[PDB]
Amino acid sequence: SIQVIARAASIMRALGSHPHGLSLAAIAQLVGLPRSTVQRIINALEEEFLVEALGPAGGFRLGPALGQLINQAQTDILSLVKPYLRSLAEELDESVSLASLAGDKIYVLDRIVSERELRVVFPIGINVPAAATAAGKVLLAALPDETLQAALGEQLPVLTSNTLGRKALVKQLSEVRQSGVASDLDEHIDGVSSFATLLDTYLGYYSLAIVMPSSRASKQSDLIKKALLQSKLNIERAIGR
């Protein structure tokens, strides 16, 4: 095809994996290219505000233009998904969250809270180790096996007495990776269990999750996972790739 656009893209990819910044060196190493031609391409991107330089520190990181490319698109997928959330939420009378992956942590883009007396409540915009959530697992699975080992940077945090370890985690990732859905049982907050499925949108990967008290979970896991799959099918039908 065209090799230089692909070089550029590989560089962007590299920068998006390291939000704090990269040295021209480190960029050059990650991508399979010489510090020189890299410098060239960076410059090209910088001319377009797709990248910025963190001072004479010779560091680089993503730039302004990015926002304006993505914003509308994103604000639309969300706006389109919102209803599909409420629906699900009211079919199951359980809280549901829509999240995206940001390295080792997922990020909650949206959420509907259950009316129930025994309820699970969290705020939009919250972080939480991907390794401990159903959503996090569902996203981690879809990760290219090369990239995966980035999020699984050596050893995992442990949030409860059930939080998986790298081994059982990967092993299970293999399972979700073709079973379609994932779950967590008191692996994040003791007494809470979640059930998530992947959303493959044209804009990237999202996680659709049900978050509920384990108390009530043990009984209806069956119906939960199903409603999730139905919602995945719908949503993707309307917004997939």
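When you see a residue number, it is the position in the sequence shown, counting from 1.
In this entry, 151 to 159 has the higher mean Cα B-factor, the comparison being between 151 to 159 and 101 to 109. When 170 to 178 is weighed against 183 to 191, 170 to 178 comes out higher, by mean CA B-factor as recorded in the entry. Ranking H18, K232, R13, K225 by Cα temperature factor from the entry places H18 first. Among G63, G32, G204, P213, the highest C-alpha B-factor in the deposited entry belongs to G32.
Split the chain's modelled residues into thirds by C-alpha temperature factor. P123 is in the lowest one.
In the PDB entry, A26 places in the middle third of its chain by CA B-factor. In this PDB entry, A131 carries a Cα temperature factor that places it within the middle third of its chain's modelled residues.
Ranked within its chain, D145 lands in the highest third, by CA B factor from the PDB record. When all modelled residues of the chain are sorted by CA temperature factor, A57 is found within the highest third.
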